[PDB]
């Protein structure tokens, strides 16, 4: 149902390749590799660390975490077709695992992960399932564990305009405020909860990607169609406009179990 919706619409094989073109190789979220590098700049891991990537996607996050730290990366994504694409990008590495599964029904041992890592994935979850997931993450984290999240946020729903309401509706996103997000983590007894409104930095990332799309339009049209260019071009235009006025926000979240 949730799996079928994502596979058959937003995350078809073609829809993801469109995303990857503008995001960067092996990514389906803003900034691609360069944003991932900055998000993990203050993260300390090594060859003995166990890492969970909720909504791993094409596996770009797991590839980087393993390359940089040498840590065991386990990536969970609900879309089977995407996992199949991710597995075909990694070979001869037993410390990178990709699994097609709903994170809400996936079982992990308590006190297992040093790092639980998620980028632009939890927005697909309802408010009730956000809370359920973060209770599960608290359990899954080692006592010395750390939770790292970047996700789409927004201003209060009362302030949304017609275009943004439609966008959230058709994407079936559940967008809460950065403040409501952090309170969920606090309610789940996460310690040292640090929330950052990185909508300005996100806006910068969007501008680069938008500029890239325009300067590679010919290469894009060879790969896809004008129709998908227009949807991608207008989509980024709206995100640039809305991120600037803080209507659609980019939340950063770091927390520990103790």
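Positions refer to the first chain, counted from 1.
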Given the B-factors recorded for C-alpha atoms, which segment has the greater mean, 89-97 or 172-180? 89-97
Out of 217-225 and 22-30, which one has CA B-factors that are higher on average in the deposited record? 217-225
Highest recorded C-alpha temperature factor, please, choosing from 195, 46, 41, 189. 189
In this PDB entry, which of 151, 114, 161, 77 has the top CA B-factor? 161
Based on the entry's values, in what third of the chain does the Cα temperature factor of residue 12 lie: lowest, middle or highest? highest
Here the Cα B-factor of residue 207, set against its chain, lands in the third termed middle
Chain-wide C-alpha B factor ranking for residue 120, given as lowest, middle or highest third: middle
Residue 147: CA B-factor among chain residues, third -> lowest
Chain thirds by Cα B factor, record data; residue 157 belongs to the highest
